[PDB]
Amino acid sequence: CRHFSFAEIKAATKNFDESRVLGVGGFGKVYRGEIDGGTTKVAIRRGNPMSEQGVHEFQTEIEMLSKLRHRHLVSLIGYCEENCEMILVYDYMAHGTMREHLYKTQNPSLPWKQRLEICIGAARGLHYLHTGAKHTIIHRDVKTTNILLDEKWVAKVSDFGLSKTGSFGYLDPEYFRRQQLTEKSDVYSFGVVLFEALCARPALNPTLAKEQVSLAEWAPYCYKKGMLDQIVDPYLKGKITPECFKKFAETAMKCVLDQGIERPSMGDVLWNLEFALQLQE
């Protein structure tokens, strides 16, 4: 994990030109830049060291990502702590977040097979977090804005600021009851991602009728009542084979079960998604 001088960062971002702002968030602004004389494009996050959670989140991200390597996780190339600043350098995910290709966007809708391959990629990333590091890593912030897409549409899990080792629509309701957090909490949030990919609507819409506010409650309700097909993304209607639809929906339903101990592991989710992709052929 390489250290960047603050002069290298500023050359990469052309002194943090708002020309290069890809997006802004709680941690800070993210800039599009290039390093190694322009051969490598990078995303550069500038935090504010006066925030302790900004600093905590910065430190968590470096201790986690410096030890992980996986095709479906955003790679941390390095950081810059000079001037006691907080700069993180990742490779650039050219197509942004999964959310911005699902709804409230004017990007075109994603074909069904591409949505499934994105979910499969994210599942492999989470599977690696749960089974491939020294100890289980609970991401704690799986959501459609923390799955990024590179220029060949490969899905990568990102934003490791809240993860631990050793967002409203997505929180495991068992955590406000059992007060213990498990990798099954990632499985719950991922089940919500799956329904978001199918339904192309936010996980939490506070303006709706009481039954529909929470996708994690609404979509299973609709399935049991035999009407999940009516709330699917209009672009996807008619495009999902019946056997793929049943397998995808049943997998998603199992993920958002009430008790974590009844939920499948990510390995089981991943295999069932790959099986759903085979049934779509």
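The first residue of the shown sequence is 1; numbering continues from there.
Residue 166 to residue 167: deposited residues without atomic coordinates: Gap between residue 166 and residue 167: 10 or more unmodelled residues.
Stretch with the greater mean C-alpha B-factor as recorded in the entry, comparing 136-144 against 77-85: Per the PDB entry, the higher value belongs to 77-85.
Segment of higher mean CA temperature factor, 188-196 or 203-211: So the stretch with the higher mean C-alpha B-factor is 203-211.
Most elevated Cα B-factor in the entry, residues 242, 220, 234, 37: 37 has the highest C-alpha B-factor of those listed.
Highest-ranked of 101, 72, 130, 178 once sorted by CA temperature factor in the record: It is 178.
Chain third (lowest, middle, highest) by recorded CA B-factor, residue given as residue 272: CA B-factor rank for residue 272: lowest third.
Modelled-residue ranking by C-alpha temperature factor, third containing residue 259: CA B-factor rank for residue 259: middle third.
Third of the chain's Cα B-factor distribution that residue 278 belongs to, per the entry: According to the entry, residue 278 has a C-alpha B-factor in the chain's middle third.
Chain-relative CA temperature factor third for residue 252: It falls in the bottom third of the chain.
CA B-factor placement of residue 174, once the chain's modelled residues are sorted into thirds: For residue 174, whose C-alpha B-factor we compare with every modelled residue in the chain, the answer is the middle third.
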